[PDB]
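Only one chain is included here, represented as structure tokens and corresponding to the form deposited in one PDB entry.
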């Protein structure tokens, strides 16, 4: 059962391979793991931890109590009942030890960044000319002023706002002052877009941090060599990667974090951007561009925030009702009508089930790349001409999680794929870390943008029908968004604010600086 923690194997398999204290204390560890995985919680109150053990192992509640208690005293879980900023529930918090540590380290790192001024002894040479605020609004310009004598600044804003132009004004002003600017996003397509709009070279957060099988090269011992780090799409970053980034900022150096707080929350535990947007000096763009204002998609997205489903029927924003169980063929035909795979990106909330990703890919592949005798992968078959997605990091071939590839040939049980120039032949186990990429899930689509998007949505995706999911899906589209499924699925998404994550980061931050000195 000690296999619960070692990366790869877990409780799942160790259980159905095995009512003994060793099982129970590990089922406690497992209850917390599932907390992070499903709901993105950094912790669970004691009662909810105990309830998880009862659910996932079906012991008595005293056995679940003993399990959690045994896990704590052994160091396999952490209790915390410290009065943070708000303190009075009669109940302690339990964490995976490393998740409590990360949260405390991140809060501590955030506070020193907020409580210290920028410098190289105690210098300035960050000045704000009227030439620097050229064609910026009161708000967008204020980011340049806030950066003057603050090391951590946050820029939030929805799609209509001008974060691109604001980000460019920052990078321009900083390099004119002589500073080294580093540009940064969580995904490769986000990174690329940031380089394009700034007219510079950007990197994934992991590249910029020097990532490999050894971990991150850059950290407090060897900072990322930049006087100003610019990071975009921070909505996607959980506590863990935030910590790895912020810990890599040279002392006295600056960081500008830019995000859309209404996007989906991170996949990993935490809501750092949301915490930072509340504690750090944050510029919240509220002005939509004129050409953005007219865009139906941008308007539907803002309606979502008012818990209002989109108003369909526009040539740029419409919905065609389909039945999910047999409706994937129809989606493939809808894509053909739009000029095929090249002219439209299909998105779905989930991988499995009716109109899930696997369902859609089968039909997309059948209709646009018919054929036989390809190399079998995670699900279905890969053939030349097929798009592919890498689903976990290949450390040997240096292919990152979520890289899109083009299958050039599949011969025997060997797949030859071009990922973004990296032509690489794959076999064996690393064939099961590939999936067909005609249809992408909304989560895998985060940070990516297309001209037109076909978004599937139906009661069939019930658990995933949240406001944030439908907000992200919609903001993947620049020009046109077509939906397939049910109108009412959207109404259920719009009415449903996603669940509240357990995170104490904000509370820890406000502890560190407000009630201190």
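Positions refer to the first chain, counted from 1.
- Count the deposited residues lacking coordinates between residue 425 and residue 426 and you get none at all.
- A chain break between residue 18 and residue 19 is present, corresponding to 4 to 9 residues of the deposited sequence without coordinates.
The same protein has a further form, the form deposited in another entry, not shown here; the description that follows concerns it.
- Under the rigid two-part model of the rearrangement between the shown form and the other one, residue 45 and residue 270 move as members of one part.
- In that other deposited form, the Cα-Cα separation between residue 420 and residue 198 shrinks by 3 Å or more relative to the displayed conformation.
- The pair residue 216 and residue 417 is at least 3 angstroms farther apart at the CA level in that other deposited form than in the present model.
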